Structure formats: C-alpha cells, structure tokens
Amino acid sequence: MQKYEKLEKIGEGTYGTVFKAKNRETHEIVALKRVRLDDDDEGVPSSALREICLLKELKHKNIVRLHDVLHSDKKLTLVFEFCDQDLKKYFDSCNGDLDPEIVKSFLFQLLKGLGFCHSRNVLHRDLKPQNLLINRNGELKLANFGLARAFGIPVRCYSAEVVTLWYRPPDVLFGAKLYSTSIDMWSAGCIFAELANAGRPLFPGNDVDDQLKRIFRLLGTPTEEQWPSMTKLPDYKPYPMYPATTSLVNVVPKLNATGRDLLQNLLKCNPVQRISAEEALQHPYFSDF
C-alpha cells in the first residue's frame, strides 16, 4: 500500500502472508495480512472475508484487533495491531519455563478473550499456541479466526473437521456434528497444560484413534453414567476403560490443587460438563489476581 511501508515478512499467515509494517502517516507499527485476489488457490478470499466479518464485531483487548481492510492491486490487505510473537515462539524463547504468575496471566487473558467471543456467539475452533499472540507488555490476544464461525441459527450440522487434532475434544473426535462453546473450552484446557508444564502439547496424537487413546489414558475413559450420549455419537467405537485415578500432579507441576481443579473442569470429556469461559474466570485459581 501507499500508506504503509513494509518492514519484514514475519508471518505464517493462516491463509495469507503477514508483514510487519509502518503507517507512513502516523509512524505506528502494524501487521499487514495480504491476500491475493487473482488467486490460483481458489478458496482463500472466502476465509479472509469471514475473518473480516467476525473481527469487525469482536473488539476486545484480548482478541487481535483488525484496524482496517484495504483493497488495491489484486490484493486484499487486513491491517492488524502488531504483536511481537506467538505463544509457540514464546515457549522456545523461555525454554518452555513460565513463572506460575505468567501461566495465570496468560490463561486469564485467554479466557477473557474467549469469553468475549462466546458471549458474542462466535466459536473460534482453532485454539492453539500459534494462534495466541503475545505483546512485550505481556498482553495476550486470541488470533487467526479463519476457522471461526457465528453460531445460533438452526443448522443441521457443523463440521467435525475443526480444531487442529491435538487440541480437538473427544466428542468432536467421535464425530459430533453439533457442539457449542464447549469446543474451545477443551482447547483452552490443552493450552493450560502446556503453560503449566514445559510448553509441549499434552495430547500429541498421530491420528484420531491415537488422539482419543492419549486423552482417555490420562483422564480416564468416560462411563455411560458420566456421558450417556457418548456411545451414540456417529464415529463412536469402543475404547479400553482407562482408570480415572491417574494423578495430574506431574503433568502440570506449575499448578497447585486449585489450578489442577480448573484444568480438570476444562478437560471434561462430556462437553455438557465442561466449564464455560465465564465460570472459569470466577474460579478460585484467579481470586488473588
């Protein structure tokens, strides 16, 4: 663009290419996500248009801010606030070793942003460390809404092919075609565990089957009484019954009993039982914060 000077290419766009840039008029540093419109990758503008539609309606300190959208050349440019790094890179920077106060701050900010999305009837559906941006002020922002969607209108189904595998909840792994805000809450629990240990995925499954096994191996396999509809899900198949007795103490060593309790409320297999973002923010984990 004429108003913006490109500084560096810094970005694994989720669907396009991200650049660090300077607004020539105000001297402010921003991030530009550029999208070719004379495509050869036919469907990209579609995701970008959806992200623009949603981000226009999602203005909160903990959601990445879309400032403007430009259309020039054969290019769509989204102008975003600039953030120095994502959580994935941040883990590499600190040897995966966060102070427990920063673990708490990061989870709190994630939940505030996520709670805001859910209260506005938007599911993120791709919550993972690379989609979490962090400032040098220590501010965390949910980003990359290209898989997100508004929810509420009567629909026959949603896609079960949502959420990066390692962050996908068991109901969706079992092919549930209807899910609610609970989908993101599971992913938040996964991120929480990485924050509270050494910044490595809790459940790095190789495929859907391995994914479910890793989850149940740690948390226990749900019984019919805990999750009556489980066996009725479209891609259900019988899993071993792993005991619900396995301690998480060493899985999340940065956490006290209070933190472990919140973690378990996020990582409930039955989506109906999963804590909401609003409820999580009222959890005693955040009381002295």
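We number the residues from 1 along the sequence you see.
Looking at the other PDB entries for this protein, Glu278 is present in the model in all of those that include the residues around it, rather than absent from a third. Figure legend: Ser46 is marked as modelled in all of the other comparable entries of the protein, none of which omit it, let alone a third.
The mean C-alpha temperature factor is higher for 149-157 when 84-92 and 149-157 are set side by side.
Note on 240-248 vs 39-47: mean CA B-factor is higher in 39-47. Taking the deposited Cα B-factors for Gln211, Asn197, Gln109, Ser72, the highest one is held by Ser72. Ranking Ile191, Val103, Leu76, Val172 by the C-alpha B-factor listed in the PDB entry places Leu76 at the top. The entry lists a Cα temperature factor for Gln226 that places it in the highest third of the chain's modelled residues. Per-chain ranking of the deposited C-alpha B factor places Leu54 in the lowest third. Sort the modelled residues of the chain by CA B factor and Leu255 lands in the middle third.
Ranked by C-alpha B-factor against the other modelled residues of its chain, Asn121 falls in the middle third. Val272: CA B factor lies in the middle third for its chain, per the PDB record.
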